[PDB]
Novice: 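The following block contains the structure, expressed as structure tokens.
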Amino acid sequence: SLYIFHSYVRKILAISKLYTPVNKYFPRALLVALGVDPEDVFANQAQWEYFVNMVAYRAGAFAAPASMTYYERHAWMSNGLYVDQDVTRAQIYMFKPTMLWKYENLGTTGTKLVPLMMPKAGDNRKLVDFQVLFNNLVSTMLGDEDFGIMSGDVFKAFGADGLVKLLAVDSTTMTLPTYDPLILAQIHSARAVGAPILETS
Amino acid sequence: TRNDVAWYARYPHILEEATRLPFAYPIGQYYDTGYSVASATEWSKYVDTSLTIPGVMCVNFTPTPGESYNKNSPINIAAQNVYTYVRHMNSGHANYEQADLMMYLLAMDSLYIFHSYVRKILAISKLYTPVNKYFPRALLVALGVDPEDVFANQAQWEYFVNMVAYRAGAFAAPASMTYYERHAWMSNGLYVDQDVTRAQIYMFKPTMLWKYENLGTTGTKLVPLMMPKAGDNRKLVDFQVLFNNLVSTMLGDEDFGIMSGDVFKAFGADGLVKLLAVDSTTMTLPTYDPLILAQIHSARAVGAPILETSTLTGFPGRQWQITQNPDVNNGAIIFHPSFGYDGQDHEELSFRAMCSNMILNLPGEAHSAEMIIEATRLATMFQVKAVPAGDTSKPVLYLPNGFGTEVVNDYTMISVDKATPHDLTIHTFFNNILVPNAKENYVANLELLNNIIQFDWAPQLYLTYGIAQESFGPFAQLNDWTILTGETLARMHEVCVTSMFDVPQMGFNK
Amino acid sequence: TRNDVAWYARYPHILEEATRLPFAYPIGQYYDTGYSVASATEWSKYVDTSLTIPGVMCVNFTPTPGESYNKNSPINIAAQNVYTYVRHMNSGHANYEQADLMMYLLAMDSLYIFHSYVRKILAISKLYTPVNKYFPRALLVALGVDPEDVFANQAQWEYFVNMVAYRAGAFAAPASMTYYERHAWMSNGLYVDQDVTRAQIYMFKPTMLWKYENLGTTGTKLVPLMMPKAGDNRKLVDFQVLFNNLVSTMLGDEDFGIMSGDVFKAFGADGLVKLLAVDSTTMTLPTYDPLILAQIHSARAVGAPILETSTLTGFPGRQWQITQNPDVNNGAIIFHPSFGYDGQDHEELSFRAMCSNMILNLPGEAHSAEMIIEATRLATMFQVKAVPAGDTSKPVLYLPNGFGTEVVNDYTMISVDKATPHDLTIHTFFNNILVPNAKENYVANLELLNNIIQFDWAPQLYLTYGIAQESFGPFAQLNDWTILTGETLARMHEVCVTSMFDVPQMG
């Protein structure tokens, strides 16, 4: 969920620098669909750009294996801009998390992952909302010594070279939309299961 | 001598299964050992199951120009040499004297130390490790910074450090003067005590910095500007206020502008101190440096700096000051500070245990001259008591017999708590530690001693018990040692302060 | 673009003349640092100018066959194994059982430790170093001998040790049974804590030895025979009556000769334990051995041996005894001592600090299995409390969860006094030190602590205070530690008791 959140805010940052004369949906419609106020990322580009790097830095306190292709799949999904036909003014597909799994420790009677809802496509959320979401996500992880012991164990077992490396972005970092017929074959024949059920639902 | 057991070679499977032990416990968190005897919970405090390994010892220092009470001091000789090179060998201006140029060069060092300080604050906050949970919050607490502020405002911190390095470039200072290189190398490094994976970390933090003060024609001061202490939780706005207060009397002074242009002209742009820029990829890994460890071992804490608002009965005019006056004392730069102050208006009677001659022990059996001269840089021996102005005086002050380019004020150690929150604990201490007669001081002092002996080349301790009216001497593990007296350490201090303020870029001694 | 010469290379004579200091002070010597203020003589004890450096820490041990409660013990399985090896190599009908052979085989170990002890007393006395003034008198005081008696009566001492080697060398014991080789390795050897010339020295001295005490048809009972402690100025007559008390039941005896000849026929003359001979040129040098230092660092002292004359209020019949009786436990060798004794019939409140789980600390980060299991040999953890009898008990006793082929009773440290005439000071301690509430013993306890931390791999201390009602945990510096529970140490103890008593292959 941390890696998906990093790819999410990284795609928010990489979208806002995209302007094209042939596509006036860029970048505001992609930013609205991700749930972000598009004027906030323009007015606070340095703050967004450094918050994404700080997320990638503080995620490095926890070790996770890199050959586990679960992480690579979720990062490849939630960061790409996917074009539908490979022409100039083609349609764009994205992947956005509806919710993320927030870690919950019950002590000796178990351990939960509970839903943390992400902003929806009309919400117009600023950087402070995404900072509150990231602080709420890593709140029960950085102070847990079970997580610290497990992190040191994964670090020792896999080594520093065999861990997931959330890479840094600079001011020159751009994502162009790509043509991927595997992504299109996923979107075709996809089945929406409905809204997640919460404990207040 | 012990031929190897052949049973271990014939049955290595049983030996491997019997000795599968979890080593490499990560440091930074509390560990409980448990109970060998399960009924020993009835003996509650008589059984200790706690294990608190510490990570950070911050050495809190004051930058000094050396001891100076006459014109024959190393700082005055350096003032004469740099004024001859700037004023006469290159065509300098004639509106300032040698003490003015030397105090400008001394005020530039506080700027460089502040830059290394906030640069180390920035480089620490990006360090996270599974094997060391002290990183980075304990290093950030020991430097006096709110650790969540540097995480939440990383871009603002990162650009403030670069802006400090940019605005410091308005003033010229020579690069071959190794005073600046020494202070920048000290106050930026993370120093590891044993060169292993989860070893202990030493830092150097300024206790105060020298703020420039112009009195006009009746002299020129350097006054103390106190830095934040290890519990303060200061944001970026506090460090910005500190940097604005430091360069407030420097950017609008045309004496400083003339002296800056003269140093620029005399040394050239290539021969100046260049505070280098940091990017987002800038990291400091901790290093192993046995010269730094030989400095921290045999270091001597002199106590708190005396301020003009500090209350010292019997000592009204003893505030720490780098002063020059053309009428007073041939126009020499004077730094004659009194030591043994503990921040309170009473006698810290454990400083009485700092009145014996010191022990300087080194690793190995063959010590070079460079090693012996490096290992004495933070050592400071008292020489006489200060004379109280009157007959009633609660504190006891000490005059030294010279000191190096920096004196230690304090040490701050960060460890985890053994009580049920197990948070970070902040203890500040001198080399001298008073254990007063109270029921709860002995176990706390023993925990302090056991945390200190985890640090490899720790400072040597001097413990005073109030119940016995007796001090115990150097609590340290010795090696190849000597006994140093005051004149030998004074000669070594003279040598090092002369070598630090020498600028080989000058046309002197060729 | 020319880097000019630095100040230290422009004046190298100034740097080399300011830094010429006399290093390498001899240890065994009081040093006064003097005053740096020199007005501070008005502050009499508030200024400490003394500098005492210790030289000897003697580990005082008891040799053990391991814990034994029934015939399923490793000492009894080893008795079975060595008895079927010896009996199936000797033609004839034996008259001794397996337990008689193993009790003989432990009594021979106590003889060999005695011989190594007196040969150590001899070979120490020829050691001289100008930079170590603890040689040889502090080593001799730590072994409990009068040092002047060894120098005055050198030829008689050499005759006594050579006659002990001749009279104990008449009995046979298997050389490929590493119990003897390990006990000889401990009892013959001086060990530096660091590989330097002015290093601190570790020794191993027996606290007691096992005396045979034949009983007849009601079995066999190895009894304690106490060795002299440090500070006792014992002469050659005392070690002679100790040797004569150790061999009075087995020197010219027929059963010990038959068992010895059977061991001598089973294992060849090359397969027997060889005692070292001593001339007037025999010297043992201090050596650097990290395995010795690893097991000293994780040593836990179990306390004094309980004797039959020792008075314990709520504990009758708890004396240390390797017993054997066909009436009890089907003729098994039985040894289960209780720990936590120090003399002094009351509770030593400091042994409560030994009820935590121990910390096994090593240097580096890569630890082999041999290093890990050798570092746990002198470690002994309590498991439960012993049950008293009478509802009124002054001491508190503890039962272990197994122990190795030896247990540590005590440590004795030899330093120099800081008061004149600066003679040797003798301090005996466990891992657990009680600091009662008096003004005298706070600075004394701090001096003991600073003396102990001079030793590089000193045993980990536990300190309790009287007014605090509180013990402090492991007073030691840790590098790469793990926490041992009693079951892991019990498994390592069972493995090492099995490996020490192992016989080769034939039947």
Side-chain angles (χ1 to χ4, degrees), chain B residues 57 59 61 63-64 66-67 178-179 181-183 185-187 189 191-195 200 202-204 287-302 354 356-382 400-408 411 431 452 455-462 473-500, chain C residues 6-8 11-12 14-25 33 36 51 194 196 198:
Chain B
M57 200 194 285
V59 185
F61 73 96
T64 65
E67 200 187 33
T178 52
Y179 189 66
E181 184 207 55
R182 159 154 188 92
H183 280 308
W185 166 67
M186 259 174 57
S187 62
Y191 299 107
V192 87
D193 79 320
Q194 205 179 6
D195 202 21
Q200 269 65 30
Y202 289 116
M203 292 189 291
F204 289 104
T287 65
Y288 182 63
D289 210 311
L291 289 183
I292 277 292
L293 300 181
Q295 292 178 34
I296 291 156
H297 207 59
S298 295
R300 294 297 213 75
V302 310
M354 312 307 289
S356 70
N357 284 128
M358 77 166 298
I359 289 93
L360 165 85
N361 57 306
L362 304 185
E365 295 292 327
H367 327 288
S368 72
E370 192 269 333
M371 164 64 171
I372 297 159
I373 207 69
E374 271 317 288
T376 44
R377 288 308 97 227
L378 324 174
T380 301
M381 261 188 282
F382 299 155
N401 197 8
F403 37 84
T405 56
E406 62 272 341
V407 291
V408 176
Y411 315 96
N431 285 82
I452 281 172
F455 289 81
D456 206 5
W457 295 104
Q460 308 170 17
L461 306 168
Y462 289 86
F475 194 90
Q477 174 198 49
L478 296 187
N479 275 268
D480 211 353
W481 53 269
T482 56
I483 306 177
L484 253 52
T485 57
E487 294 296 328
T488 303
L489 190 67
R491 181 155 160 211
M492 286 186 281
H493 284 152
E494 177 85 25
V495 160
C496 265
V497 176
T498 311
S499 78
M500 283 285 112
Chain C
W7 197 94
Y8 281 157
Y11 303 107
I14 302 281
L15 181 75
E16 290 260 32
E17 277 273 17
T19 51
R20 215 160 45 203
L21 277 304
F23 280 88
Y25 283 69
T33 71
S36 70
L51 207 62
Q194 188 193 155
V196 294
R198 297 156 63 253

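Order of the sequence lines sets the chain letters (A, B, ...), proteins ahead of strands, with each chain counted from 1. Values reported hereafter were calculated over all heavy atoms of this structure, with side chains retained and with hydrogens, waters and symmetry mates removed.
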Novice: Got a second to check how far C/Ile14's CD1 is from B/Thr498's OG1, nearest 0.5 Å?
Specialist: 9.5 Å
Novice: Please state whether the rings of C/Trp7 and C/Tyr11 are parallel, tilted or perpendicular, taking 30° and 60° as the class boundaries.
Specialist: tilted
Novice: Identify the two heavy atoms, one from B/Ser298 and one from B/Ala379, that lie closest to each other, and give their separation to 0.1 Å.
Specialist: O-CB, 3.3 Å
Novice: Give a yes or no on whether the backbone of B/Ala366 and the side-chain of B/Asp480 come within a donor-acceptor separation of less than 3.5 Å.
Specialist: no
Novice: Kindly compute the distance separating NE2 (B/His367) from CG (B/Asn361), expressed to the nearest 0.5 Å.
Specialist: 9.0 Å
Novice: Give the C-alpha distance, both sets of side-chain angles, the deciding distance and a yes or no for side chain to side chain contact (heavy atoms under 4.5 Å, CB included) between C/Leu15 and C/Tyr8.
Specialist: CA-CA 7 Å; C/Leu15 181 75; C/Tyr8 281 157; 3.7 Å; yes
Novice: B/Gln200 vs B/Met57, test: side chain to side chain contact (heavy atoms under 4.5 Å, CB included). Steps then yes/no.
Specialist: CA-CA 8 Å; B/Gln200 269 65 30; B/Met57 200 194 285; over 6 Å; no
Novice: Looking only at non-hydrogen atoms, find the nearest pair between B/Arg300 and B/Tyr411 and report the distance.
Specialist: N-OH, 3.7 Å
Novice: Taking the side chain from B/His297 and the backbone from B/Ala458, do they hold a donor-acceptor pair closer than 3.5 Å?
Specialist: yes
Novice: Give the intermediate values and the outcome of side chain to side chain contact (heavy atoms under 4.5 Å, CB included) for residues C/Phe23 and B/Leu362.
Specialist: CA-CA 10 Å; C/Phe23 280 88; B/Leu362 304 185; 4.0 Å; yes
Novice: For the CD atom of B/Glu365 and the CG atom of B/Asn479, what is their distance to the nearest 0.5 Å?
Specialist: 8.5 Å
Novice: Output the distance between atom CE (B/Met500) and atom OG1 (B/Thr64), rounded to the nearest 0.5 Å.
Specialist: 12.0 Å
Novice: Fit a plane to each ring of B/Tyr202 and B/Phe455, take the angle between them on a 0 to 90° scale, and name the class: parallel (under 30°), tilted (30 to 60°) or perpendicular (over 60°).
Specialist: tilted
Novice: If I take atom CG from residue B/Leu378 and atom CZ from residue B/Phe61, how far apart are they, to the nearest 0.5 angstrom?
Specialist: 9.5 Å
Novice: B/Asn357: which residues meet the side-chain contact (heavy atoms from CB on, under 4.5 Å) condition with it, sequence neighbours left out?
Specialist: B/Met381, B/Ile483, B/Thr485, C/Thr33, C/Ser36
Novice: Could you grab the distance from atom CD of B/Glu374 to atom CE of B/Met371, nearest 0.5 Å is fine?
Specialist: 9.5 Å
Novice: Is there a side-chain contact between B/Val59 and B/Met186, using heavy atoms and a 4.5 Å cut-off?
Specialist: no
Novice: So, for B/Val495 and C/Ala18, which heavy atoms are closest and what is the spacing to 0.1 Å?
Specialist: CG2-CB, 4.1 Å
Novice: Do you know the tightest heavy-atom contact between C/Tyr25 and B/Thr482?
Specialist: CE1-CA, 3.7 Å
Novice: Say whether, by atom type as modelled, one donor and one acceptor occur between the side chain of B/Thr488 and the main chain of B/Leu484 under 3.5 angstrom.
Specialist: no
Novice: Of all heavy-atom pairs between B/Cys496 and B/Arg377, which one has the smallest distance, and what is that distance?
Specialist: SG-NE, 3.2 Å
Novice: Would the distance check show the side chain of B/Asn401 and the main-chain N or O of B/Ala490 forming a donor-acceptor pair, the cut-off being under 3.5 Å?
Specialist: no
Novice: Any side-chain to backbone donor/acceptor pair from B/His493 onto B/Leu489? Under 3.5 Å, distance only.
Specialist: yes
Novice: Output yes when a side-chain donor or acceptor of B/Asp195 lies under 3.5 Å from a complementary backbone atom of B/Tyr288, and no otherwise.
Specialist: no
Novice: Can you name the closest pair of heavy atoms from C/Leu51 and B/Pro474 and give their distance?
Specialist: CD1-CG, 3.7 Å
